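With compact mmCIF, C-alpha atoms inside, this is final.txt:
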```
# COMPACT_ATOMS: atom_id res chain seq x y z
CA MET A 551 114.75 72.68 -66.29
CA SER A 552 117.80 70.88 -64.86
CA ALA A 553 119.62 74.21 -64.44
CA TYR A 554 116.66 75.46 -62.42
CA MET A 555 116.77 72.40 -60.13
CA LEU A 556 120.52 72.79 -59.42
CA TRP A 557 120.16 76.57 -58.99
CA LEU A 558 117.17 76.10 -56.67
CA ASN A 559 119.15 73.73 -54.40
CA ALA A 560 121.98 76.24 -53.95
CA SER A 561 119.63 79.24 -53.89
CA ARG A 562 117.23 77.54 -51.43
CA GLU A 563 119.59 78.30 -48.52
CA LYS A 564 120.10 81.90 -49.70
CA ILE A 565 116.34 82.49 -50.10
CA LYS A 566 115.46 80.77 -46.79
CA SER A 567 118.10 82.82 -44.95
CA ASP A 568 117.10 86.04 -46.75
CA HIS A 569 113.38 85.38 -46.08
CA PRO A 570 113.13 83.87 -42.50
CA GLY A 571 109.88 82.06 -41.68
CA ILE A 572 109.06 81.62 -45.39
CA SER A 573 107.03 78.56 -46.39
CA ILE A 574 108.34 75.90 -48.80
CA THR A 575 105.65 76.72 -51.36
CA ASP A 576 106.52 80.42 -51.12
CA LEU A 577 110.21 79.56 -51.57
CA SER A 578 109.42 77.88 -54.90
CA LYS A 579 107.79 81.10 -56.12
CA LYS A 580 110.73 83.13 -54.76
CA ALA A 581 113.15 80.91 -56.66
CA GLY A 582 111.23 81.56 -59.87
CA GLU A 583 111.13 85.33 -59.26
CA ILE A 584 114.90 85.52 -58.68
CA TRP A 585 115.62 83.46 -61.82
CA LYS A 586 113.37 85.66 -63.94
CA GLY A 587 115.23 88.79 -62.76
CA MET A 588 118.64 87.07 -63.04
CA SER A 589 120.95 87.62 -66.03
CA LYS A 590 120.50 85.52 -69.20
CA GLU A 591 124.21 84.57 -69.25
CA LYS A 592 123.86 82.98 -65.80
CA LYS A 593 121.11 80.71 -67.15
CA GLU A 594 123.44 79.39 -69.84
CA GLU A 595 126.08 78.52 -67.20
CA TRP A 596 123.64 76.36 -65.23
CA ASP A 597 122.38 74.78 -68.46
CA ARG A 598 125.96 73.94 -69.49
CA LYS A 599 126.65 72.38 -66.06
CA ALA A 600 123.63 70.09 -66.50
CA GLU A 601 124.75 69.12 -70.02
CA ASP A 602 128.31 68.39 -68.82
CA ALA A 603 126.89 66.07 -66.15
CA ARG A 604 125.04 64.17 -68.90
CA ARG A 605 128.37 63.58 -70.70
CA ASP A 606 129.91 62.37 -67.41
CA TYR A 607 127.07 59.87 -66.88
CA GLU A 608 127.84 58.34 -70.28
CA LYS A 609 131.53 58.08 -69.34
CA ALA A 610 130.70 56.39 -66.01
CA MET A 611 128.14 54.12 -67.68
CA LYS A 612 130.72 53.16 -70.33
CA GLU A 613 133.14 51.93 -67.63
CA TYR A 614 130.32 50.68 -65.36
CA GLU A 615 129.22 48.18 -68.04
CA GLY A 616 125.66 47.23 -67.07
CA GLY A 617 121.95 47.55 -67.84
```

Translate this structure into structure tokens?
Amino acid sequence: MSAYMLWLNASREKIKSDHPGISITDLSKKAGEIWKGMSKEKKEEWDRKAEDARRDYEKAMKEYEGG
């Protein structure tokens, strides 16, 4: 899910530029269609990026020291 969110943010500009005058709601569907047709390996990369960020949060929280 997190991979999709990150991918959508970067892809949003590509989709909007590729489909001028496209609505926001339509963009969401477009994002899903591109993902579905996209390679499986690419999905893993985005998933790994999201997981790495989780590790980084722990590191920052560890030094942050707070509730």

Can you tell me which residues surround range 588-598 of chain A at a distance of at most 10 Å, considering only C-alpha atoms, apart from same-chain residues fewer than 2 positions away, and format the answer as a list in words?
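In the requested format, the answer is residues 551, 552, 553, 554, 555, 556, 557, 582, 583, 584, 585, 586, 600, 601, 602, 603 and 604 of chain A.
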
Atomic distance CA of residue 577 in chain A - CA of residue 560 in chain A, expressed in Å with one decimal:
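Atom-to-atom, CA of residue 577 in chain A to CA of residue 560 in chain A, that is 12.5 Å.
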
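In this model, the gap between CA of residue 599 in chain A and CA of residue 569 in chain A comes to 27.3 Å.
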
Using all atoms listed in the file, which protein or nucleic acid residues come within 12 Å of residue 575 in chain A? Drop anything in the same chain fewer than 5 positions from it, and give the result as a ChimeraX atom specification.
/A:562,566,580-582

How many Å lie between CA of residue 587 in chain A and CA of residue 572 in chain A, rounded to one decimal?
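These two atoms are separated by 19.8 Å.
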
Output as an mmCIF file, in the coordinates of the input: range 584-610 of chain A, completed with N, CA, C and O atoms.
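That gives us selection.cif:
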```
data_model
loop_
_atom_site.group_PDB
_atom_site.id
_atom_site.type_symbol
_atom_site.label_atom_id
_atom_site.label_comp_id
_atom_site.auth_asym_id
_atom_site.auth_seq_id
_atom_site.Cartn_x
_atom_site.Cartn_y
_atom_site.Cartn_z
ATOM 1 N N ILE A 584 113.484 85.169 -58.614
ATOM 2 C CA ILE A 584 114.900 85.520 -58.680
ATOM 3 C C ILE A 584 115.482 85.141 -60.047
ATOM 4 O O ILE A 584 116.220 85.922 -60.653
ATOM 5 N N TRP A 585 115.137 83.944 -60.518
ATOM 6 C CA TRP A 585 115.620 83.460 -61.820
ATOM 7 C C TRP A 585 115.198 84.397 -62.939
ATOM 8 O O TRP A 585 116.000 84.737 -63.813
ATOM 9 N N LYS A 586 113.928 84.779 -62.911
ATOM 10 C CA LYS A 586 113.370 85.660 -63.940
ATOM 11 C C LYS A 586 114.102 86.999 -63.994
ATOM 12 O O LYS A 586 114.300 87.555 -65.078
ATOM 13 N N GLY A 587 114.506 87.510 -62.830
ATOM 14 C CA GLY A 587 115.230 88.790 -62.760
ATOM 15 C C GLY A 587 116.742 88.623 -62.955
ATOM 16 O O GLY A 587 117.460 89.608 -63.147
ATOM 17 N N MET A 588 117.220 87.375 -62.892
ATOM 18 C CA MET A 588 118.640 87.070 -63.040
ATOM 19 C C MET A 588 119.081 87.176 -64.506
ATOM 20 O O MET A 588 118.269 87.052 -65.425
ATOM 21 N N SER A 589 120.373 87.444 -64.696
ATOM 22 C CA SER A 589 120.950 87.620 -66.030
ATOM 23 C C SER A 589 120.820 86.365 -66.906
ATOM 24 O O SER A 589 120.871 85.236 -66.414
ATOM 25 N N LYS A 590 120.647 86.596 -68.215
ATOM 26 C CA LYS A 590 120.500 85.520 -69.200
ATOM 27 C C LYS A 590 121.753 84.640 -69.248
ATOM 28 O O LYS A 590 121.659 83.415 -69.356
ATOM 29 N N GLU A 591 122.923 85.285 -69.191
ATOM 30 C CA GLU A 591 124.210 84.570 -69.250
ATOM 31 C C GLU A 591 124.317 83.540 -68.133
ATOM 32 O O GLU A 591 124.851 82.447 -68.346
ATOM 33 N N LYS A 592 123.810 83.888 -66.949
ATOM 34 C CA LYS A 592 123.860 82.980 -65.800
ATOM 35 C C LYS A 592 123.061 81.708 -66.095
ATOM 36 O O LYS A 592 123.448 80.623 -65.677
ATOM 37 N N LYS A 593 121.949 81.854 -66.811
ATOM 38 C CA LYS A 593 121.110 80.710 -67.150
ATOM 39 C C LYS A 593 121.900 79.712 -67.983
ATOM 40 O O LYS A 593 121.869 78.505 -67.726
ATOM 41 N N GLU A 594 122.627 80.231 -68.966
ATOM 42 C CA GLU A 594 123.440 79.390 -69.840
ATOM 43 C C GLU A 594 124.471 78.596 -69.034
ATOM 44 O O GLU A 594 124.732 77.436 -69.355
ATOM 45 N N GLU A 595 125.066 79.218 -68.001
ATOM 46 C CA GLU A 595 126.080 78.520 -67.200
ATOM 47 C C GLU A 595 125.480 77.284 -66.521
ATOM 48 O O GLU A 595 126.065 76.202 -66.571
ATOM 49 N N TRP A 596 124.312 77.463 -65.905
ATOM 50 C CA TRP A 596 123.640 76.360 -65.230
ATOM 51 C C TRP A 596 123.249 75.275 -66.231
ATOM 52 O O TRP A 596 123.382 74.081 -65.948
ATOM 53 N N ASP A 597 122.778 75.707 -67.405
ATOM 54 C CA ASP A 597 122.380 74.780 -68.460
ATOM 55 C C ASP A 597 123.578 73.946 -68.915
ATOM 56 O O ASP A 597 123.464 72.731 -69.100
ATOM 57 N N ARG A 598 124.725 74.614 -69.075
ATOM 58 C CA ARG A 598 125.960 73.940 -69.490
ATOM 59 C C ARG A 598 126.399 72.924 -68.433
ATOM 60 O O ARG A 598 126.857 71.830 -68.777
ATOM 61 N N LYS A 599 126.257 73.287 -67.148
ATOM 62 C CA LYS A 599 126.650 72.380 -66.060
ATOM 63 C C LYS A 599 125.835 71.092 -66.140
ATOM 64 O O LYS A 599 126.374 69.998 -65.963
ATOM 65 N N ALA A 600 124.532 71.239 -66.400
ATOM 66 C CA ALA A 600 123.630 70.090 -66.500
ATOM 67 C C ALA A 600 124.004 69.207 -67.692
ATOM 68 O O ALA A 600 123.961 67.977 -67.597
ATOM 69 N N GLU A 601 124.367 69.845 -68.807
ATOM 70 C CA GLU A 601 124.750 69.120 -70.020
ATOM 71 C C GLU A 601 126.073 68.376 -69.805
ATOM 72 O O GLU A 601 126.231 67.243 -70.263
ATOM 73 N N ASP A 602 127.012 69.017 -69.096
ATOM 74 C CA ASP A 602 128.310 68.390 -68.820
ATOM 75 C C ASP A 602 128.120 67.139 -67.968
ATOM 76 O O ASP A 602 128.797 66.129 -68.180
ATOM 77 N N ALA A 603 127.182 67.210 -67.018
ATOM 78 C CA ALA A 603 126.890 66.070 -66.150
ATOM 79 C C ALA A 603 126.376 64.899 -66.985
ATOM 80 O O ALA A 603 126.706 63.742 -66.705
ATOM 81 N N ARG A 604 125.582 65.209 -68.020
ATOM 82 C CA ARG A 604 125.040 64.170 -68.900
ATOM 83 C C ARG A 604 126.190 63.431 -69.589
ATOM 84 O O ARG A 604 126.162 62.202 -69.694
ATOM 85 N N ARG A 605 127.206 64.185 -70.037
ATOM 86 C CA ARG A 605 128.370 63.580 -70.700
ATOM 87 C C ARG A 605 129.113 62.669 -69.712
ATOM 88 O O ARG A 605 129.581 61.590 -70.085
ATOM 89 N N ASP A 606 129.224 63.127 -68.461
ATOM 90 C CA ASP A 606 129.910 62.370 -67.410
ATOM 91 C C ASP A 606 129.198 61.049 -67.117
ATOM 92 O O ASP A 606 129.848 60.028 -66.874
ATOM 93 N N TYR A 607 127.861 61.076 -67.146
ATOM 94 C CA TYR A 607 127.070 59.870 -66.880
ATOM 95 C C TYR A 607 127.414 58.815 -67.925
ATOM 96 O O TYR A 607 127.619 57.652 -67.590
ATOM 97 N N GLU A 608 127.497 59.243 -69.189
ATOM 98 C CA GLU A 608 127.840 58.340 -70.280
ATOM 99 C C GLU A 608 129.214 57.720 -70.049
ATOM 100 O O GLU A 608 129.409 56.523 -70.275
ATOM 101 N N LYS A 609 130.164 58.549 -69.600
ATOM 102 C CA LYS A 609 131.530 58.080 -69.340
ATOM 103 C C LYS A 609 131.536 57.035 -68.224
ATOM 104 O O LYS A 609 132.206 56.005 -68.337
ATOM 105 N N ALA A 610 130.786 57.311 -67.149
ATOM 106 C CA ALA A 610 130.700 56.390 -66.010
ATOM 107 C C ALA A 610 129.984 55.104 -66.411
ATOM 108 O O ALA A 610 130.388 54.010 -66.017
#
```
